[PDB]
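Participant: experimental structure below, sequence on top.
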Amino acid sequence: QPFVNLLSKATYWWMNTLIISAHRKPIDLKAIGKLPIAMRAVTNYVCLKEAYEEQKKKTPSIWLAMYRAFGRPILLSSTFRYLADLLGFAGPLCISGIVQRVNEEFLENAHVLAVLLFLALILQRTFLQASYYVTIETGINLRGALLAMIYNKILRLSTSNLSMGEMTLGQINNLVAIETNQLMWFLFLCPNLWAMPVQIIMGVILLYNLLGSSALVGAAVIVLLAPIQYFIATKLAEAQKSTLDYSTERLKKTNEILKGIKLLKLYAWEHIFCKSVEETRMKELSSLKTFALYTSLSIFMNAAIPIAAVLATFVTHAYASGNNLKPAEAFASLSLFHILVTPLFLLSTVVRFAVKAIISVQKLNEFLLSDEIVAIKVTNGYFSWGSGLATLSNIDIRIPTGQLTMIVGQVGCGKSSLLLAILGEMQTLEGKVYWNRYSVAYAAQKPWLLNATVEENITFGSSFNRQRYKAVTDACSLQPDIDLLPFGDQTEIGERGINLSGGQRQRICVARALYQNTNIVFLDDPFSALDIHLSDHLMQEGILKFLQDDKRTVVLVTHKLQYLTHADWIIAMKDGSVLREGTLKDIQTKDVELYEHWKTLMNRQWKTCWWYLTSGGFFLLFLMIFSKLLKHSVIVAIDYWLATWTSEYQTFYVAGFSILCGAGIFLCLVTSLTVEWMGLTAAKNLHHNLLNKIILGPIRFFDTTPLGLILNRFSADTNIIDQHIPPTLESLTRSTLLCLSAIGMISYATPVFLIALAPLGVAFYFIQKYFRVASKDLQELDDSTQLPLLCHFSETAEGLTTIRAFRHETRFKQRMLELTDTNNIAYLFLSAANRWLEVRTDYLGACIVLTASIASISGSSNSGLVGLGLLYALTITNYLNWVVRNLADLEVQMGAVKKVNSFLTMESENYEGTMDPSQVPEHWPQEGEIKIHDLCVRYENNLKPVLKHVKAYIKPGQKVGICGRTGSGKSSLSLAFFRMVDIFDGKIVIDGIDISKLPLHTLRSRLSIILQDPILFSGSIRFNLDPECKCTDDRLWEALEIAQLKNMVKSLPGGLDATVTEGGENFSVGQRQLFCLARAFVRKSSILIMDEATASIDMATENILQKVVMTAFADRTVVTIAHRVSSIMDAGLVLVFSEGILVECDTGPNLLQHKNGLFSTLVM
Ligand SMILES: CCOc1cc(CC(=O)N[C@@H](CC(C)C)c2ccccc2N2CCCCC2)ccc1C(=O)O
Ligand SMILES: Nc1ncnc2c1ncn2[C@@H]1O[C@H](COP(=O)(O)OP(=O)(O)OP(=O)(O)O)[C@@H](O)[C@H]1O
Ligand SMILES: Nc1ncnc2c1ncn2[C@@H]1O[C@H](COP(=O)(O)OP(=O)(O)O)[C@@H](O)[C@H]1O
Ligand SMILES: [Mg+2]
Ligand SMILES: [Mg+2]
């Protein structure tokens, strides 16, 4: 009975059910059983950690610890691998014996030898496939522990700027994605280092015995394949490494277009800004050409050399040896080269991965050495962010139990430092910290949000309590902003989630601390980017009413001393030293100056598959498929030619043999180049069009579509097409022809074999049909679960302070251990499913050999031909698997092309204008007059007009003001000028021309608009002044001085051509608004649209805008939508829009004069 269990483990019958289930229902984690504790990340991490700690007892070596953990399984796998190679060598020996016994006793009989071959091949591949699976179990178990192990370091890292920085996040994000995968892949290929070289030595050893001194000449050439393959391998790495480099920043430029896409389209240089991506795109391809050529060359040397090896052998033996070639010798030896081609060709891969693994392990072992770390009573505190210099000195604070212990100080002054020191985030060189450590609900000063729901973010692993959630939402005033969110409390936020504003981001985290039921809180300047009212609102209810009900301690570091009276305690610290400790009563009496000085500052106020091929052009598609037929035609004839030559058992046969191999070598070059030459042309045309369609795409699409999904087309899907399809498409065509031809050639040698084909074809089709859908679905799971694992590691890296603060370590560790477990299963059952296919094609493959062996014995053909059929029988079993696995890989990759093709045909905005271009003369908007005729404006095809029946004549040069109710038709009207929102009815006429009846790009260009938050794109300031570059350089300097920025610019390096960070990082927010004004003047628009211009702008900077607008654009007409409606008091023409209706339309003073209308209530 236990033989049944051994067999079932040996042929992966256990996977079979799942495979069949894939047809009935998609395979999913529910359908896949839970991973055994023998392979869960917990046990693997414990084993590896125990080995590593024993090593640390003996710096410890990662390599030796990994061996001590995972040695026995790879020893077993290598034993299986040897037993597989030795039985694989039965192939040539059995073929030689058969051919000798045929053509005229227990072992000599061909039948007994034929059956022996059938048992050998079955046993060879049962062993060989099992040997692969053991390493995969070992390899995955290794990746299981490492991801757990390096994660333990992340929670124990230190956030000091010295030990952690922007460079640090590069390693950890890359270590999980790359360093471990390279280390895992090495383990998959670990046996080969001592398996393939043993086979190579044996293969040559047999060759000499088969032929004589001739085979060495052929063996010598074949040996040279491996050094060639390594030299080609290195050149691929440099070609690919450069290729990734251009691709990496090409995505960065892609992100800039896709984020803030409206901004580019408004200024009409969406086309021009796109071409900046094409410039890098051509360089990306210029790396690919060097890569594609070398990949084709690697294919060439994989085929041209063995054919040159045989040509070197048989020609040699025809002269060095008096004996004419015998049929048994030829096809025994000729088979052996096919046995040796794969290990010689792939040996460059295993050694290269050995180099990569040793690179990563050294990289990963450097990682581990990275630096690792009265409610609150601290006396004589001395804290330092490393650097051997106490960043905090003379620290002595007391935080009374269950009271608001607020801290006051100036810029710097150890503001955030004091809190983190209590949390163990920095070294305390002296003193002692007494939590008189409980869980501390610290709030990060910076905004760090998980890629999950707001409710999860506020609960943060706490049991839901809507009444407790109610007060938190009310006290932190999270209720109103929630209504705006798509899925409410189930709105996923963060980098993966919806992009928020700074003020709303801060309140979410603060709410978390109130949610957590702990005696201690550390609220770090929540009002950093908040309105004063909400902070006052929080100080009344959230700070006092909510917390005092819980009677928990609060330590709120504050900069406005107006709330110190509310504070039960005040802590004054400056220069990293505590100025004085005491309440407001104690501080004023003891430190009279502090009371006045603070108050002084307080006073201060598969049809796609065919579609993909045709992309290059019919000739390129024809040439590839036409030539590949010819290559096999010559190759097969070469194998046949030996049958004609060896049937003799001699300058004729050799002569015809050299030329054939000459064409075979040459045709190998042609069929190698044509496939890749298709790939680049197929790669270029697909991506080239795609960027155009997105740019012309409607703005409404970008609002609907998540930003993560759109960029995925250019990041992953385009990567698949460019680099993965041409390799797979090459191997599929090569493997199919070999399988199609070999079955043909065997059948031609033994026509009786065709009767035996009827069942075998049926069996192959069912395995081909069923596995494809089972591998495709598992493939989706492997990618699906891999991505959140990387997201978790990046999320835990950022803001470890909170994780250490809340004592959320263990819960977060558990999340990772389960997250990786869901990922290993997907990859493990992807490899086990793939193994199931390989076993059941060899069990099928052995049947082809067995039928070919038995049929050939019965046939009385030429002794060479019966040998030839057996040769292809052995080759079939090798390639009959890759015709399925590559096809599955091709089918999945055709998914990317299907997605791209949809985007290509999905949508466009109508850039063409019906009226002739001659209609618009030079400087059309010069007049500046605006005319609105019964306008109706709604972006969504079926929706109410956001602007309805709008009509208000605008005089030329009139600083018209438009305002109303918050969220009631104010900004929509702005884009209505820019036609971004379709004017379903009515019309807008500017200077006697309806804006609808004009080319779209003309309308966008000749206008000037300023959004609420200006954004500056990567490049020079000249790039941000005129991407079109048409404007002469003289004007560019004028605008900055007009914008009052030229003086600031001159200090910057490079003068006018000064590099600018993407997104306006270099310039301050106030400075950012200055950049737009520079763009405003150059256009000579005569129309300015300042929608929410003063919004998100400091009052000091705001005065400049009013100074600039009244002066710089006096002749221009400024249609202002003010953040503060008071600025429209002096507007000569003022429009009020409520519910999409012109509720008030008169002069500013006349608005108060006519009646206490909407504007009058708006201001007052
Ligand atoms: C675990 C993922 O990877 C594997 C890994 C293995 C273990 C393994 O030494 N393979 C040999 C193949 C045989 C022909 C030697 C090999 C060696 C060097 C380079 C690649 C490969 N192979 C692996 C990558 C695909 C190309 C051939 C088996 C099977 C697989 C697999 O596909 O599932
Ligand atoms: N995590 C850290 N790593 C290294 N240096 C730090 C760290 N936190 C603070 N410092 C340094 O300690 C000093 C005082 O920082 P402090 O805690 O007062 O900041 P802050 O006033 O809260 O900051 P900000 O208001 O700019 O956000 C500064 O020199 C600062 O660079
Ligand atoms: N992307 C969107 N999709 C659907 N409706 C929106 C979208 N953005 C805004 N709205 C709604 O349309 C109105 C537009 O208001 P608007 O006139 O643009 O002034 P503001 O921009 O100051 O809200 C808002 O009340 C809002 O509720
Ligand atoms: Mg700070
Ligand atoms: Mg608005």
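Facilitator: On my side now, so go ahead. Residues are numbered from 1 along each chain as shown. Ligands and ions are numbered 1, 2, ... in the order given.

Participant: without its sequence neighbours, what residue ends up closest to the residue in the stretch 901-1050 of the chain positioned nearest to ligand 2?
Facilitator: Nearest residue of the stretch 901-1050 of the chain to ligand 2 (Cβ to the nearest ligand atom) works out as residue 1013 at 21.0 Å. Bear in mind the C-beta positions are built from the backbone N, C-alpha and C, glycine included. With Cβ to Cβ, 6 or more residues apart in numbering as the criterion, residue 1013 has its nearest non-adjacent residue at 5.5 Å, and that residue is residue 1096.

Participant: that neighbour: how many residues sit nearby?
Facilitator: When neighbours are counted by other Cβ atoms under 10 Å, residue 1096 registers 17.

Participant: hang on, it in a helix?
Facilitator: No. Using DSSP: H, G, I helix; E, B strand; the rest coil, the secondary structure at residue 1096 is coil, not a helix.

Participant: is it correct that it is in contact with residue 1069?
Facilitator: Yes. Under the criterion of Cβ atoms under 8 Å, residue 1096 makes contact with residue 1069 at 6.6 Å.

Participant: residues touching the residue in the chain that ligand 4 sits nearest to, list them.
Facilitator: Evaluated by Cβ to the ion, the chain has residue 416 as its residue closest to ligand 4, separated by 3.8 Å. The contact partners of residue 416, by Cβ atoms under 8 Å, 6 or more residues apart in numbering, come to 445, 524-525, 557.

Participant: now, which of those sits nearest ligand 1?
Facilitator: Among those, and counting by Cβ to the nearest ligand atom, the member closest to ligand 1 is residue 445, at 45.4 Å.

Participant: phi and psi next, for the closest one.
Facilitator: Dihedral pair for residue 445: phi -60, psi -40, per degrees, to the nearest 10.

Participant: could you chop the chain up by domain?
Facilitator: Following automatic domain parsing, one gets these domains for the chain: 1-188+801-846, 392-575, 1015-1084.

Participant: could you save those as JSON lines and add columns showing distance to ligand 1?
Facilitator: JSON lines is the format used below for these (distance: least, Cβ to the nearest ligand atom, whole Å):
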{"stretch": "domain 1-188+801-846", "distance to ligand 1": "4"}
{"stretch": "domain 392-575", "distance to ligand 1": "29"}
{"stretch": "domain 1015-1084", "distance to ligand 1": "39"}
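
Participant: give me the element residue 572 is part of.
Facilitator: Taking DSSP states H and E as the definition, residue 572 sits inside strand 569-574.

Participant: who does that strand pair up with?
Facilitator: Counting by DSSP bridges, the strands paired with strand 569-574 are strand 405-408 (parallel), strand 577-581 (antiparallel).

Participant: got the CA coordinates for that strand in PDB?
Facilitator: Extracted in PDB, the C-alpha atoms of strand 569-574 (Å, rounded to 0.1, in the frame of the first residue of the first chain):
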ATOM      1  CA  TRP A 569       0.900  71.600  32.500                       C
ATOM      2  CA  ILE A 570       3.400  73.500  30.400                       C
ATOM      3  CA  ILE A 571       6.900  72.400  29.300                       C
ATOM      4  CA  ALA A 572       9.200  75.100  27.900                       C
ATOM      5  CA  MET A 573      12.200  73.800  26.000                       C
ATOM      6  CA  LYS A 574      14.700  75.600  23.800                       C
END
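
Participant: in it, what's buried?
Facilitator: Of the residues in strand 569-574, 569-573 count as buried by neighbour count, 16 or more other Cβ atoms under 10 Å.

Participant: which single residue in the stretch 651-800 of the chain comes nearest to ligand 1?
Facilitator: residue 731 (9.5 Å).

Participant: wait, a helix at that residue?
Facilitator: Yes. Under three-state DSSP, residue 731 falls within a helix.

Participant: tell me the contacts of it?
Facilitator: Applying Cβ under 8 Å, 6+ apart to residue 731 gives the contacts 882, 886.

Participant: quick one: it and residue 725, what's the gap?
Facilitator: 11 Å (Cβ to Cβ, to the nearest Å).

Participant: and the strands in the stretch 301-450 of the chain?
Facilitator: 376-384, 392-399, 405-408, 427-435 (DSSP state E, counting those that start in this stretch).

Participant: how about those strands, which one is nearest residue 309?
Facilitator: Of all the strands of the stretch 301-450 of the chain, the one in closest proximity to residue 309, counting by Cβ to Cβ, is strand 427-435 (65.6 Å).

Participant: counting by contacts, list what the next helix or strand after the closest one packs against.
Facilitator: Going down the chain from strand 427-435, the next helix or strand is helix 454-459, by DSSP H and E. Judged by 3 or more Cβ pairs under 8 Å, 6 or more residues apart in numbering; DSSP states H and E, helix 454-459 is in contact with helix 466-475, helix 502-515.

Participant: nearest to ligand 1: which residue in the stretch 501-650 of the chain?
Facilitator: Closest point on the stretch 501-650 of the chain to ligand 1, by Cβ to the nearest ligand atom, is residue 635, at 20.4 Å.

Participant: reformat the strands paired with strand 569-574 as CSV; add distance to ligand 4 and mean neighbour count.
Facilitator: Converted to CSV, those look like this (distance: least, Cβ to the ion, whole Å; neighbours: other Cβ atoms under 10 Å):
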stretch, distance to ligand 4, mean neighbour count
strand 405-408, 12, 26
strand 577-581, 17, 18
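
Participant: for ligand 2, which of those is the nearest?
Facilitator: strand 405-408 (10.2 Å).

Participant: next one: the closest one to chain centre, how far?
Facilitator: 43 Å (Cα atoms, centre = their mean, to the nearest Å).

Participant: going forward, begin numbering at 659 instead of 1
Facilitator: Let's use 659 as the start, then, which means that last one is strand 1063-1066.

Participant: what comes into contact with it?
Facilitator: Contacts of strand 1063-1066 (Cβ under 8 Å, 6+ apart): 1033-1034, 1057, 1073, 1076, 1211-1217, 1219, 1221-1222, 1224-1231, 1256.

Participant: filter these down to the ones near ligand 3?
Facilitator: Among those, no residue lies close to ligand 3 (Cβ under 6 Å from any ligand atom).

Participant: separation between the closest residue to residue 1675 other than its chain neighbours and residue 1665?
Facilitator: In space, residue 1675 comes closest to residue 914 once its chain neighbours are excluded; the distance is 5.5 Å by Cβ to Cβ, 6+ apart. Distance from residue 914 to residue 1665, counting by Cβ to Cβ: 22 Å.

Participant: verify the stated contact: residue 842 with residue 799.
Facilitator: No. Using Cβ under 8 Å, residue 842 is not in contact with residue 799, being 9.6 Å away.

Participant: hey, where'd the strands end up in the stretch 1359-1508 of the chain?
Facilitator: Under DSSP E, counting those that start in this stretch, the stretch 1359-1508 of the chain gives no strands.

Participant: find the closest residue to ligand 3 in it.
Facilitator: residue 1361 (4.7 Å).

Participant: same question, the stretch 1059-1208 of the chain
Facilitator: Closest point on the stretch 1059-1208 of the chain to ligand 3, by Cβ to the nearest ligand atom, is residue 1142, at 7.9 Å.

Participant: count of neighbours near that residue?
Facilitator: Residue 1142: 12 surrounding residues under other Cβ under 10 Å.

Participant: check contacts around the residue nearest to residue 1675.
Facilitator: 1675-1676, 1720-1721.

Participant: ok, so of the residues you listed, who is nearest residue 904?
Facilitator: Among these, and counting by Cβ to Cβ, the member closest to residue 904 is residue 1676, at 15.4 Å.

Participant: sweet, I'm off.
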